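S.K.: Return a 3D structure for these sequence lines:
(chains A, B, C, D, E, F, G and H)
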Amino acid sequence: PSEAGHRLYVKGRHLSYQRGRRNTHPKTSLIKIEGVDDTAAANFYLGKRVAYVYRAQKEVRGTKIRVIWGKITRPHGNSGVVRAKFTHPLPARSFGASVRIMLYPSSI
Amino acid sequence: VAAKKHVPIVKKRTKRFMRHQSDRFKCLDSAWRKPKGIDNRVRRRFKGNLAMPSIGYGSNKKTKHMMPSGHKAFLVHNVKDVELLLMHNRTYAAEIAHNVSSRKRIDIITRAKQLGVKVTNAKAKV
Amino acid sequence: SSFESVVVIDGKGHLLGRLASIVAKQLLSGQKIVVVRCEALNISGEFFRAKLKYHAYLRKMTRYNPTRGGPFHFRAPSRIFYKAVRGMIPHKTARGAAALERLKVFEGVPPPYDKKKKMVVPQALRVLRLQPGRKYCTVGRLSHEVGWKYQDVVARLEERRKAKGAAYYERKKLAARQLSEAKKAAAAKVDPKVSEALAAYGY
Amino acid sequence: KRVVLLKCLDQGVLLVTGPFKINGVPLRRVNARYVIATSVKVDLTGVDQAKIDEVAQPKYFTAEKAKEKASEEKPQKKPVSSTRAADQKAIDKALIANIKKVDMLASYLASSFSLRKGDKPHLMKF
Amino acid sequence: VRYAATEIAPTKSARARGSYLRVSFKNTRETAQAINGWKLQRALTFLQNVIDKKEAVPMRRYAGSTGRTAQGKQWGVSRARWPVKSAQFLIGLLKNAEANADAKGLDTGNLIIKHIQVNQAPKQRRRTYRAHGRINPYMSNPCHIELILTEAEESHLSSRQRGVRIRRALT
RNA sequence: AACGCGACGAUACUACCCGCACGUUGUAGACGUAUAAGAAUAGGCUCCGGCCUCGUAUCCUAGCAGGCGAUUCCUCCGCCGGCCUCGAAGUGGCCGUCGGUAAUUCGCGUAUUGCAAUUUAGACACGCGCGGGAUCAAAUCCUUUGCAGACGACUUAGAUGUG
RNA sequence: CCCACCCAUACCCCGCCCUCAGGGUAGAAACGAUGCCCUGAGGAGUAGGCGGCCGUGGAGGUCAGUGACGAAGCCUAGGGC
RNA sequence: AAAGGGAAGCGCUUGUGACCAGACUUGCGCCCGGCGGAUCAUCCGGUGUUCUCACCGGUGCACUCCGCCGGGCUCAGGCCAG
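M.R.: Numbers count the residues shown, from 1 in each chain, chains lettered A, B, ... in the order given. Right below this line is the structure:
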């Protein structure tokens, strides 16, 4: 049989919200995408959809898994950190949580 | 019937303005009171404190006093009062008064179903 | 930038503050970090300066009751590294505690980390950071002088682990050689079209 | 999955096929924003553009959708119509005929794409 | 009269009540919390042991600056006492409830104390004399006791989700 | 350390162990969540030919989330049993059996989830179940002791006896 | 010295609210004209000054007002403005 | 039912669990077929009015009107979205 994987997304880590030294704006999140280190590398992923996946307690419509969706808006800084805007702001417990950056909508 | 076409109803703020220390004293009601002390932090508008009501929170004039269904409430006590909404079944919804008896409620609900006007709490006393 | 399940770092030849800052950033980002051999960790400057710093740290204690609230002086090199890491982390927050539970520090290389691949951090290496002629000290030596009792036990455990690693080294050398003549013997039976296409593509 | 584009429809829609005997993907529609275009181009000398136009014609895939859903509601496999089957055969016969000329292209189009460690899509060439 | 536990029907349950009883509210509350959820005969035996200085009621809430004993280890605490007056009052109420249960015809040996509630009765207003011509209240704090014994005893799926369920059902 | 750890003895049950049968069971958060020399840096590695900025590397990676049947190959993986071996917080090596296995080629199926909607897929611990294998124990209240003690707590003794 | 980056209620655009300002609306198919329509600028605030609304008890008029088929009152992790 | 490692309470923002208010259940307009009736338009007499407009009775007699029942077609209809 096949011994291959099935990953068609790219991994990321959710760092924090858009913030100053004290004030924090959860309307925009900061992500590392795996393997990007430069603003030019992060310029590819602008406009790509992004999904954060978590588990709940109750069973609704055949699933215990909920997804919050968003898109990558603009680069941040110089180290390839990207800004993401979602339909709902991310939980603050998700600092250090893995997120799935899609390959679509593609311009290739 | 269905409400008339309107702009999207937007609410600038949905959380109620609480009185300062109304959560700490049971002698203080949750109704809004302006702090008038010269050194009160809410009055001096320090960050992290309670906001005050202002005229910047006022909702749109086109969506003013409108329910999310797109209707404006009209308090009704009798059949002659619900007949006043013969022209506004697309913008006005009848709200039955709390002290109206059950038979009069049934008569008003029947007349309102005839007129095609929405009753907000027509499931009352059934 | 590569995400791993857990990253094992040999503590030998590393600088305390720079390594601590790097691993603290990794822990707060969400990367699980294990640091081994904290006895071979390095601090720049002359050794009597570090002795001044640790004895000044020893001076502090709660006056009315030393059993509560006071600065508790952990003499182990791994615990000194843990204090340096913790000072760079908001440890009194729930996020800080949930990051600190992702860190483990040890003296020597306890099993089964002895049979796992160890990373090194170039941004904290002494040979890549310090100028020649500048003095340096050993965290293990400082710990031994300030009261850490287990220098010789770690020494003999590391000696036996190095003997076993040497045995694994001649096994690995034998495997590497016989793989080399395996590839050389198989090279005669490779299809020439496969050879040319692989050479053109880059293997 | 790895498909071959037949022609570009309107409003971001592409009309593709597997072919069906290689990987199992029939005549289908996708969107241009949800695909990655590779450098491999299957040659189309021998495919019938009349049937390509008929399958690209609208209401082809949705004319019997309601009827099929009402028929479907032990599980049973949904019947594929003879028009779809004959059209798929007429498109893909020349498709495998052209594909088998290029070496291991059938294995490529049968294989599904997956990402391994170190695969950076901003550096990968498609 | 209405009890606090209105959910329990009186068809297969027994009840007992006592009002304006000159017994300490705190001690009675602790004894009720000690005997709550118990078999009736075990509760009667335990209350007799509380009188006979053999089993102790643990002092849980109203326990400030109270004594410690070896008999609290049966409860996992260190502070426990013997409120014999509350014990006597509760045996009186429990025997009244047992008598009511026998009058109803229920099985006495299968009854457990499902409900028991002690509330603060109106207080007895005595006075005491202090220094400097002062008078302070010397009030008693009575309690209302009530108790009840009972017999011991995939929709709105998406089209794609429907499809994956059909396919894994087929295969 | 009363929220540090180790070893040992006895463990009644709804307790313990084994198999599979799944969780409106929980997890600072799986998606190939792959990769062991030591040492030096004004020096090292080796097959002893030579090599060293470079991990930009190596392994693995194709098939209904990966089927069925041949052609073909003796390659890889896994569960058990034996012999060794592994104490820094203990696990790996060989042999034997069994099972799976495109390295080459071909045949039948894939549709209809309707133009994207997490790809519900892993690990640990926990719980309810059966079908089996193994075992019939302690502690506290009580009496007593004074090597102890405000009370708790501590040292003792209570089952046939040197009580 | 050079390069890039982070962010305030600070500045630009847009929406909304209020205040102020500037305009139009009758041989009226004609308006809570005390109304409606268009455009622009500004929005902190103690002592202080001014305006508009909300609520409480009672009186005249009116709603051929509500009500034992339940008024007032009270409770309400239940709602709307 | 829930939280608690030397305070709680509070603002913004998610998440978790529990509980709920809206909206929708189809309407509008044609083309057919089948029903049930003549409240069609003209003319006449009377009545009241805005003095040219309506009502009433004679008035239709089925290619005209008014309702109902089956279809078909067009349009507009709630939320989240590409």
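
S.K.: use CA for all of it now, contacts and neighbours both
M.R.: OK.

S.K.: List the buried residues of stretch D:105-117.
M.R.: D:105-106, D:109-110 (16 or more other Cα atoms under 10 Å in any protein chain shown).

S.K.: where does chain D come near chain E, residue by residue?
M.R.: Within chain D, the positions near chain E by Cα under 8 Å from any Cα of the partner chain are D:75-77.

S.K.: about what we covered before: put together JSON lines for the buried residues of stretch D:105-117, with secondary structure on each row.
M.R.: Output for the buried residues of stretch D:105-117, formatted as JSON lines (DSSP: H, G, I helix; E, B strand; the rest coil):
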{"residue": "D:105", "secondary structure": "helix"}
{"residue": "D:106", "secondary structure": "helix"}
{"residue": "D:109", "secondary structure": "helix"}
{"residue": "D:110", "secondary structure": "helix"}
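
S.K.: now the residues you listed as CSV including distance to residue E:152?
M.R.: Output for the buried residues of stretch D:105-117, formatted as CSV (distance: Cα to Cα, whole Å):
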residue, distance to residue E:152
D:105, 75
D:106, 73
D:109, 69
D:110, 67
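
S.K.: Let's have these in TSV, adding distance to RNA strand G.
M.R.: Below are those laid out as TSV (distance: Cα to the nearest atom of the strand, whole Å):
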residue	distance to RNA strand G
D:105	45
D:106	47
D:109	42
D:110	44
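
S.K.: of all those, which comes closest to chain A?
M.R.: residue D:110 (12.4 Å; Cα to the nearest Cα).

S.K.: quick check, nearest of the buried residues of stretch D:105-117 to chain E?
M.R.: Nearest to chain E among those is residue D:110, at 20.2 Å by Cα to the nearest Cα.

S.K.: tell me the contacts of the closest one?
M.R.: Applying Cα atoms under 8 Å, 6 or more residues apart in numbering or on different chains, we find residue D:110 in contact with D:1-2, D:22-23.

S.K.: quick one: which of the residues of chain D next to chain E is nearest residue A:103?
M.R.: Using Cα to Cα, residue D:77 is the member of those that sits closest to residue A:103, with 32.2 Å.

S.K.: what secondary structure does that closest one sit in?
M.R.: With three-state DSSP as the basis, residue D:77 sits in coil.

S.K.: which residues touch it?
M.R.: Shown in contact with residue D:77 (Cα under 8 Å, 6+ apart): residue E:170.

S.K.: circling back to that earlier point, would you mind giving the residues of chain D next to chain E as JSON lines with distance to residue E:20 added?
M.R.: Shown next, in JSON lines, are the residues of chain D next to chain E (distance: Cα to Cα, whole Å):
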{"residue": "D:75", "distance to residue E:20": "71"}
{"residue": "D:76", "distance to residue E:20": "75"}
{"residue": "D:77", "distance to residue E:20": "77"}
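
S.K.: Just give me the closest of the residues you listed to residue C:112.
M.R.: residue D:75 (51.2 Å).

S.K.: element containing the residue in chain B positioned nearest to chain C, please.
M.R.: Nearest residue of chain B to chain C: residue B:48, at 19.6 Å (Cα to the nearest Cα). Secondary structure from DSSP states H and E places residue B:48 outside every helix and strand.

S.K.: List the contacts of it.
M.R.: Residue B:48 neighbours (Cα under 8 Å, 6+ apart): none.

S.K.: Could you do the one 10 residues further on as well?
M.R.: Contact analysis of residue B:58 by Cα under 8 Å, 6+ apart lists residue B:12.

S.K.: ok, which stretches of the chain are helices?
M.R.: No chain was given, so I picked chain A. Using DSSP state H, the helices of chain A run over A:39-42.

S.K.: could you do chain D instead?
M.R.: Along chain D, counting by DSSP H, helices occupy D:49-56, D:65-72, D:82-99, D:105-110.

S.K.: Does the second one reach RNA strand F?
M.R.: Yes - using Cα under 7 Å from any atom of the strand, helix D:65-72 reaches RNA strand F at D:65-66, D:68-69.

S.K.: And the residue of chain C closest to RNA strand H?
M.R.: Going by Cα to the nearest atom of the strand, RNA strand H is nearest to residue C:69 of chain C, at 4.4 Å.

S.K.: who touches that residue in this structure?
M.R.: residue C:62.

S.K.: wait, residue C:31 sits on residue C:8?
M.R.: No - between residue C:31 and residue C:8 there is no contact under Cα atoms under 8 Å: 11.0 Å.

S.K.: And those two? Which one has more around it.
M.R.: A side-by-side neighbour count of residue C:31 and residue C:8, using other Cα atoms under 10 Å in any protein chain shown, places residue C:31 first with 22 against 18.

S.K.: And the contacts of whichever helix in chain B runs longest?
M.R.: Counting by DSSP H, the longest helix found in chain B is helix B:102-115. Contact partners of helix B:102-115, identified using Cα under 8 Å, 6+ apart, comprise B:78-79, B:82-83, B:86, B:89, B:96, B:118-119, B:122, B:125.

S.K.: Can I get it in CSV, CA atoms only?
M.R.: Taking C-alpha atoms only, helix B:102-115 is exported to CSV below (Å, rounded to 0.1, in the frame of the first residue of the first chain):
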residue,chain,number,x,y,z
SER,B,102,-56.8,36.4,27.2
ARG,B,103,-60.1,36.8,25.2
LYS,B,104,-59.1,40.2,24.0
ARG,B,105,-55.6,38.9,23.2
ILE,B,106,-57.2,36.2,21.0
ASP,B,107,-59.4,38.7,19.3
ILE,B,108,-56.5,41.0,18.6
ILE,B,109,-54.4,38.1,17.3
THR,B,110,-57.2,37.1,14.9
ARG,B,111,-57.6,40.7,13.7
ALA,B,112,-53.8,41.0,13.3
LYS,B,113,-53.7,37.8,11.3
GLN,B,114,-56.4,39.2,9.1
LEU,B,115,-54.5,42.5,8.7
